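Fold and contact review
The chain contents come next:
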Amino acid sequence: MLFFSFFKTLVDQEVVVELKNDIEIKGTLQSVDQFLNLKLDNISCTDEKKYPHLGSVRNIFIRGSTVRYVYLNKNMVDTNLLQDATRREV
RNA sequence: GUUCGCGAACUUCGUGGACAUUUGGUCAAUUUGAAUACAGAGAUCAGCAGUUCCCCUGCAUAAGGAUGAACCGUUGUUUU
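Residues numbered from 1 in each chain as written, not as in the entry; some residues may be left out. Chains lettered and ligands numbered in written order. Part of a larger assembly, values for the part shown. Heavy atoms only, no water. Residues with missing side-chain atoms left out of burial classes, pairs and counts.

This brings us to the protein's contact with RNA strand B. Lining the immediate environment of RNA strand B, one finds 21 residues, of which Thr9, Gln13, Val77, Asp78 and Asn80 sit closest. What you see for RNA strand B is that sugar and phosphate hold 47% of its atoms within 4 Å of the protein. Within the contact set of RNA strand B, a sugar or linking oxygen lies 2.5 Å away from a side-chain nitrogen or oxygen of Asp78. Measuring from a base oxygen of RNA strand B, one finds a side-chain N or O atom of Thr79 at 2.7 Å. Per-element accounting of the surface near RNA strand B gives the leading share, three residues, to helix α2 (residues 80-88). (Near = heavy atom within 4 Å. Polar contact = N/O pair within 3.5 Å; in protein donor to acceptor, adjacent residues only side chain to side chain. Helix = DSSP H or I, 4+ residues; strand = E, 2+ residues; numbered from the N terminus.)

Structure follows, in structure tokens:
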């Protein structure tokens, strides 16, 4: 519920998502749910070989388990609030 | 006395003017114990940068504005 909240707080965000099977895709995050899935608007290029065989796909739904990271910058994410939340929880 | 003019028989008589003078004119230079010299030793043409003041142009520093750029940021067996 902490992490879900955090994800929600990142609504409307151009972020790169590296998947398990060598798939790195950029996109503007829209919807966030209990199991941490990502629907990204406007799919753009990150790398040439790793980026998968898509083109006209402008909207996607990433399965939450298959993500390795969610590549944020240092100007795109919460931190000591998260820490506080963690502390509060057991 | 010395010249120029005119009257009478170049020559001479009768005659009217004019007749000072010197200072102010030393080549220097060198060889002398008068000779050599011989007037005395860079020119002209043309660039460029400098200096000052201005104007433009580009950069730098100071300051001081104006404005842009998407989008949210931080304190009982499949997604654990």
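The structure having been displayed, the exposition proceeds.
For the rest of this paragraph, the subject is the pairing of strand β1 (residues 14-19). Counting buried positions along β1 yields five of six residues, so the element is predominantly enclosed. Here β1 runs beside strand β2 (residues 23-29); their pairing, made up of six bridges, is antiparallel. When the bridges of β2 are listed, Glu18 appears paired with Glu24. As consecutive antiparallel partners, β1 and β2 are separated by three residues, and within that stretch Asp22 has a phi angle of approximately 60°, a positive value. (Buried < 20%, exposed > 50% of the residue type's maximum accessible area, 1.4 Å probe, protein only. Pairing = 2+ DSSP bridges.)

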